[PDB]
Structure formats: structure tokens, C-alpha cells
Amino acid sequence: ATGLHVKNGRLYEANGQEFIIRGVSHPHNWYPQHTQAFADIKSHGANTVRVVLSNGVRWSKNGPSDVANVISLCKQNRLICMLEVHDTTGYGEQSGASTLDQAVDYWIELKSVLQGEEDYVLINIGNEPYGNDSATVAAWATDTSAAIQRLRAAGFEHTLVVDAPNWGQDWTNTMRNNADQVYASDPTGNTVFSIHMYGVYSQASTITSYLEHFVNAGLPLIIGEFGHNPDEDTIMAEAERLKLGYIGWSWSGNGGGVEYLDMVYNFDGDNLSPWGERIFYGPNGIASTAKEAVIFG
């Protein structure tokens, strides 16, 4: 059965109530000991959590029982659960990355724990699935359509979330120019596009132009990741104006020189960084704009 779905370019619950994502990413694969984060994220007002999983290509695979537990934690905390396979990141440029096809093999392996959870779970096929290599960026539309087709053929009815090339930022405008082709390839129409906004989006003009292109065309879009040198004030303001979902990166535990993207320090829910204060409590932030999904009431 279908649960969350797309109608007229927007995301709806099965009862017809529109759902506007206001959430954050949590690095579950890398920090399995920090399952308290689900409750902590909910306590600050988020309505969705994007959960980092692995298909075993670059990191250690999250098996079916582990994913079942994640889903139960989302449901217990009245959060919509967006699951994503991180191993695809930067394919074509990043050594050892997964292809989208290998991500789909993993989703199919999880079919028994995902079927019947269409009201609660969104499937983000693979994170930032292409780097900047031209030959592979050129395959984004065909590879993405192929992955959607494989999932629908395997009986998946969930709403699917697909990321852009160029490490999620789409600076070539490949996703922007070809999303119509990809959307047509989903028989059910339950596909949502996701843009990641980092340094390409330091100017308000670029942000507004990109977001309005999707809204004006009726192409469903979420800002699946953003940081703070992106203009976060304009990203959050425009997401509110246009009624688009957004998901900040990330709860805690960043490494690789991106420590400043931690919302809380050392997974302590009461110890917010300036970024955590901004995204949850500042203008157009999560606490003031998020509404809980109605499926939980």
C-alpha cells in the first residue's frame, strides 16, 4: 500500500495532509552507540530524521535487524524516518564508492523490514551519488531512472528520494535540467528530488533561482542537506516561503575537517553549538516551523 506520496509536486501523508520535512541527519552507521539521539532530536522539535546507513561497500553493513530497530526508534519518537545509503557518495571520483545499483541490491535485501512502513519511512536511494567526473555525471539521469525502476519492479511502494550529482550540489545543473525525465520514469509518481546546499549556494540569487525552478515546474524537492559557506539564513527563509522541506547536517560527530557542522557537542542533547541553536531556534528554524506528521496522532 502507499503511505507518504506525491501529488501536484508536493509531499502528502495518506490522509491527504501535506507534510513539510523539518529535520536533521544522524550518523547512525558510524555511532551505533548513540541511539538516544532519536529522542533528543525529537525533543528539539524535528519531525524527521535522516539516518546514515551503509550497504557494506565502504563502511559496515546495517543488517535487517539493525534497520528494523532504527524504524522502531523513529516510530517510538514520532519521527518520519528517511533512510539513506551513504556509500554511493562521490562515485566516479571517490575511490571505493558504491554504485546506485549496489545501493538498490541492499534495499531489496531489506524488503521484508521495509514493506508495510510506507507511512513512516522515506527511502533516499544513495547519498550524493556522483562526484564531478564528467563521464559519470552524464549518467545521472539514466542510472537514477534505472534504480527507481528496479525498486518499483521489486514491489517497493515508498516515496523515494533521489540525490543530485556533483557531490549533491548539482553545480552543472544536471539534476535541474533532467529531473522531468527522471520523474516520468517512476510509474507511481512518488519520487522526490533532493539538493544539498554547501559552498555553491553562498549567494541568495543562486538559492532562489534553483528552488523556484522546481516549484514553478511542479517537481518535488527537498533540501536534503545544508550547512552554515552556504547562506543558511536565505536557505531557511526560502524553504519557509516556498513551503519546501529541509534537513540540516548534522546532529553530532562530524570528522574530516567539518567539525563546525555538529549541532550538539559530543551527542549531548542539551549542549547545542551555535549551529544547533540557529537551525532549531533561530528564524525559520525547526522548533518554530515543524509540525509532527499526523500519522502519529
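The first residue of the sequence shown is number 1, and the count goes up from there.
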**Asked** Taking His34 and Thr35 as adjacent modelled residues, how many residues of the deposited sequence between them have no coordinates (none, 1 to 3, 4 to 9, 10 or more)?
**Response** none
**Request:** Mind pulling up the entry and telling me whether 110-118 or 159-167 has the higher mean Cα temperature factor?
**Result:** 110-118
**Request:** With reference to the PDB entry, specify whether the mean Cα temperature factor is higher for 76-84 or for 170-178.
**Result:** 76-84
**Asked** So among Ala135, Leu211, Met197, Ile123, who wins on Cα B-factor in the entry?
**Response** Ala135
**Complete:** One of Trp30, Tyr246, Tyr260, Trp251 has the largest Cα B-factor in the entry, namely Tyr260
**Fill in**
For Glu240, the third of its chain by CA B-factor is the middle
**Prompt:** Where does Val192 sit by CA temperature factor within its chain: lowest, middle or highest third?
**Reply:** lowest
**Item:** Chain third (lowest, middle, highest) by recorded CA B-factor, residue given as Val264
**Value:** highest
**Complete:** Sorting the chain's modelled residues by C-alpha B-factor and splitting them into thirds places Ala97 in the middle
**Message:** Using the temperature factors of the C-alpha atoms in this entry, rank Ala68 within its chain: lowest, middle or highest third.
**Reply:** highest
